[PDB]
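Below is one structure, written out as structure tokens; the observations come after it.
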Amino acid sequence: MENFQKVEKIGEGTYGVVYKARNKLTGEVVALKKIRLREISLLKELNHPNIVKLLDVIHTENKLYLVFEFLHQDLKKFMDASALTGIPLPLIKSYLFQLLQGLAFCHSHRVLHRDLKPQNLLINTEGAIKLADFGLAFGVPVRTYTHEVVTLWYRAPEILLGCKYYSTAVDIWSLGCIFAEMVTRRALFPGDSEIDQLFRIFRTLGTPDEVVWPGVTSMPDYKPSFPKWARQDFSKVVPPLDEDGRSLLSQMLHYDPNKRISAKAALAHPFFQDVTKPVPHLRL
Ligand SMILES: COc1ccc(F)c(F)c1C(=O)c1cnc(NC2CCN(S(C)(=O)=O)CC2)nc1N
């Protein structure tokens, strides 16, 4: 990376440290992911307006560097700055639509993100929002990485129940959780452990059974001993979101991965009949 000048450290993940850096050859400002030591090469071709562009992939001396286009802020920071007032519905709708477009795209190419969450959604002054840090199906764990409370909050139930070969539906679930959070200004299922996460989901949506989710009782980590919670009134979940929004959210949160709405179909939902592209006011 002799052609890269580090500007400042942005953060640390479980297996990689991220830096804001400058490309001496292009003058370009980028984000660098340093991982201590093929599927990645395919990501370099997964180009979309709503996917953070992977500019370069460099493997040198037991070190793997991923060079990404730089964006100044993530959705998490923006929501916090908008906690007092709340992100205007038009903008929430625009962000949801754009991400659904991004997912419709990657899913059509058989690529799953696997770890959607506010901090993995980057935004710019142009009103765009992009999917970042796509996850694989490796490297030396960063010893100094600090635990993050939001880590499991967006995990689909099939992952928590031990599904080994989950589908693109996991991303829809995660996005649905993010949608709910933008609307209510509070995480939907803030669990701090896998079982707590599962039970928080169960408490709201009801403990799944063969009726609503065929095959759920045969899943790896399913336990007949799970407490039985009855699904609560859905109007209680994201007030004061309108029925178009609640309807879409309910379809994004279906327990059965096969019944959960696809990104492609979601784009056609009535909720987006009046979708527009507002300009957010960002403080950088
Ligand atoms: C979340 O995105 C990533 C996650 C892991 C990783 F290894 C990465 F390289 C990225 C990544 O591509 C990436 C990370 N950060 C940034 N810019 C930061 C600047 C600070 N804002 S802030 C705190 O002011 O809101 C948050 C976004 N731009 C990027 N392009």
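FYI, nothing fancy with the structure tokens labels: chains A, B, ... in order, residues from 1 per chain, ligands from 1 as they appear.
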
When you look at region 250-260 of chain A with a cut-off of 6 Å (counting only C-alpha atoms), what residues show up, excluding the ones that are within fewer than 2 positions of it in the same chain? I need them as a PDB file with C-alpha atoms, in the first residue's frame.
```
ATOM      1  CA  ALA A 169     -34.450 -13.756   2.691  1.00  0.00           C
ATOM      2  CA  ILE A 172     -34.929  -8.747   3.722  1.00  0.00           C
ATOM      3  CA  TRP A 173     -35.480  -9.516   7.406  1.00  0.00           C
ATOM      4  CA  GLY A 176     -37.199  -4.782   7.671  1.00  0.00           C
ATOM      5  CA  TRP A 213     -43.433 -21.754   9.479  1.00  0.00           C
ATOM      6  CA  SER A 247     -48.209  -4.035   5.331  1.00  0.00           C
ATOM      7  CA  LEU A 248     -44.796  -3.965   3.669  1.00  0.00           C
TER       8      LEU A 248
END
```

Could I get the residues of region 172-242 of chain A with an atom no further than 10 Å from an atom of region 152-165 of chain A, each paired with its nearest atom pair and that distance in Å to one decimal, using only C-alpha atoms, sorted by chain and residue number, as CSV?
```
residue,atom,partner,partner_atom,distance
A:172,CA,A:156,CA,8.6
A:173,CA,A:156,CA,5.6
A:174,CA,A:154,CA,4.6
A:175,CA,A:154,CA,7.7
A:176,CA,A:154,CA,8.5
A:177,CA,A:154,CA,6.0
A:178,CA,A:154,CA,7.5
A:187,CA,A:153,CA,7.4
A:188,CA,A:153,CA,7.6
A:189,CA,A:153,CA,5.5
A:190,CA,A:153,CA,5.1
A:191,CA,A:153,CA,5.9
A:192,CA,A:152,CA,7.1
A:193,CA,A:152,CA,7.4
A:194,CA,A:160,CA,6.5
A:195,CA,A:160,CA,8.0
A:196,CA,A:152,CA,9.7
A:197,CA,A:153,CA,6.8
A:198,CA,A:157,CA,6.7
A:199,CA,A:157,CA,10.0
A:200,CA,A:153,CA,9.7
A:201,CA,A:157,CA,7.9
A:202,CA,A:157,CA,9.3
A:208,CA,A:157,CA,9.7
A:216,CA,A:158,CA,8.4
A:217,CA,A:161,CA,9.6
A:218,CA,A:161,CA,9.7
A:219,CA,A:161,CA,6.3
A:220,CA,A:162,CA,5.0
A:221,CA,A:161,CA,4.7
A:222,CA,A:161,CA,5.8
A:223,CA,A:161,CA,9.2
```

For residue 99 (chain A): contacts at 8 Å, only C-alpha atoms, fewer than 2 positions along chain excluded, given as a PDB file with C-alpha atoms, in the first residue's frame:
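Output file result-v3.pdb follows:
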```
ATOM      1  CA  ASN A  50     -26.417   1.505  -4.066  1.00  0.00           C
ATOM      2  CA  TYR A  95     -33.614   4.974   1.639  1.00  0.00           C
ATOM      3  CA  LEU A  96     -35.722   1.813   1.889  1.00  0.00           C
ATOM      4  CA  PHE A  97     -36.429   1.862  -1.854  1.00  0.00           C
ATOM      5  CA  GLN A 101     -32.952  -1.918  -5.375  1.00  0.00           C
ATOM      6  CA  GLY A 102     -29.437  -2.758  -4.216  1.00  0.00           C
ATOM      7  CA  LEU A 103     -30.613  -6.062  -2.763  1.00  0.00           C
ATOM      8  CA  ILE A 129     -27.617   5.269   0.581  1.00  0.00           C
ATOM      9  CA  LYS A 130     -25.347   2.286  -0.093  1.00  0.00           C
ATOM     10  CA  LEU A 131     -24.826  -1.276   1.136  1.00  0.00           C
TER      11      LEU A 131
END
```

What does the list of residues within 8 Å of ligand 1 look like if you count only C-alpha atoms and all ligand atoms, written as a ChimeraX atom specification?
/A:10-13,16-20,30-34,52-54,66-78,119-122,131-133,284

Could you save those same residues with C-alpha atoms as a compact mmCIF listing (two decimals), in the first residue's frame?
```
# COMPACT_ATOMS: atom_id res chain seq x y z
CA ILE A 10 -12.29 4.86 11.01
CA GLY A 11 -12.93 1.80 13.16
CA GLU A 12 -12.28 -1.87 13.89
CA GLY A 13 -14.31 -4.93 12.94
CA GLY A 16 -10.42 -6.01 10.02
CA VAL A 17 -9.32 -2.47 10.78
CA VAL A 18 -10.73 0.34 8.63
CA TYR A 19 -8.87 3.52 7.66
CA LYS A 20 -9.65 6.64 5.67
CA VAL A 30 -10.87 5.96 0.09
CA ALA A 31 -11.69 3.59 2.92
CA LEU A 32 -9.21 0.77 3.48
CA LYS A 33 -10.03 -2.54 5.13
CA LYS A 34 -6.92 -4.25 6.48
CA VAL A 52 -20.24 0.82 -1.96
CA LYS A 53 -17.78 0.38 -4.81
CA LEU A 54 -14.88 -1.98 -4.17
CA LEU A 66 -9.84 -3.96 0.30
CA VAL A 67 -10.08 -0.45 -1.13
CA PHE A 68 -13.58 1.01 -1.06
CA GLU A 69 -15.05 4.29 -2.26
CA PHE A 70 -15.31 6.65 0.72
CA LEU A 71 -18.61 7.99 2.11
CA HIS A 72 -18.77 10.49 4.99
CA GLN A 73 -21.52 9.09 7.21
CA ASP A 74 -23.47 5.96 8.10
CA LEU A 75 -27.19 5.55 8.78
CA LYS A 76 -26.58 4.95 12.48
CA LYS A 77 -25.03 8.39 12.96
CA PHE A 78 -27.75 10.05 10.88
CA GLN A 119 -23.60 1.03 10.43
CA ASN A 120 -23.29 -0.96 7.20
CA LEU A 121 -25.44 1.57 5.33
CA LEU A 122 -23.50 4.59 4.09
CA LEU A 131 -24.83 -1.28 1.14
CA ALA A 132 -21.38 -1.75 2.67
CA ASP A 133 -19.21 -4.52 4.12
CA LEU A 284 -20.11 16.50 8.22
```

Need to verify the contact set: residue 228 (chain A), 10 Å, only C-alpha atoms, exclusion of same-chain residues closer than 3 positions in sequence. Can you return it as a PyMOL selection string?
chain A and resi 199+202-203+206-209+224-225+231

Residues near residue 63 (chain A), anyone? I mean within 6 Å using only C-alpha atoms, not counting same-chain ones fewer than 3 positions away, as an NGL selection string.
:A and (35-37 or 59-60)

Written selection (C-alpha atoms) as a JSON list (two decimals), in the first residue's frame:
```
[["chain", "number", "residue", "atom", "x", "y", "z"],
["A", 35, "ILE", "CA", -7.21, -7.96, 7.23],
["A", 36, "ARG", "CA", -4.39, -9.99, 8.77],
["A", 37, "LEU", "CA", -3.91, -13.47, 7.33],
["A", 59, "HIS", "CA", -3.00, -9.29, -1.35],
["A", 60, "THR", "CA", 0.57, -8.79, -0.14]]
```

All strand (DSSP E or B) positions in region 38-200 of chain A, as a VMD selection string
chain A and resid 51 54 to 60 63 to 69 73 to 74 121 to 123 129 to 131

Tell me, counting only C-alpha atoms, for each residue of region 56-157 of chain A within 10 Å of region 182-186 of chain A, which pair of atoms is nearest and how far apart they are in Å to one decimal, in rows ordered by chain and increasing number, as a tab-separated table.
```
residue	atom	partner	partner_atom	distance
A:75	CA	A:182	CA	9.2
A:76	CA	A:182	CA	9.5
A:78	CA	A:182	CA	10.0
A:79	CA	A:182	CA	7.0
A:80	CA	A:185	CA	8.3
A:82	CA	A:185	CA	8.4
A:83	CA	A:185	CA	6.0
A:84	CA	A:185	CA	8.8
A:85	CA	A:185	CA	9.1
A:86	CA	A:185	CA	6.6
A:87	CA	A:182	CA	6.7
A:88	CA	A:183	CA	8.6
A:89	CA	A:183	CA	7.5
A:91	CA	A:182	CA	9.8
A:92	CA	A:182	CA	6.7
A:93	CA	A:182	CA	9.8
A:95	CA	A:182	CA	9.9
A:96	CA	A:182	CA	9.7
A:118	CA	A:182	CA	9.4
```

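When CA of residue 181 (chain A) is paired with CA of residue 238 (chain A), their separation reads 8.5 Å.
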
Distance in Å - CA of residue 276 (chain A) versus CA of residue 126 (chain A):
13.0 Å

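Closest approach to residue 26 (chain A) from the set A:3, A:44, A:270, A:212 is made by A:3, with distances taken over only C-alpha atoms.
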
Who sits within 10 Å of region 39-43 of chain A, only C-alpha atoms, same chain under 5 positions skipped, as a PyMOL selection string:
chain A and resi 53-54+56-57+66+106+111+134-137

If you run DSSP on the backbone, which residues of region 72-267 of chain A are helix (DSSP H, G or I), as a ChimeraX atom specification?
/A:75-81,89-108,118-120,157-160,169-184,194-205,216-218,234-236,243-252,263-267

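Pairwise distance (CA of residue 62 (chain A), CA of residue 113 (chain A)) equals 25.3 Å.
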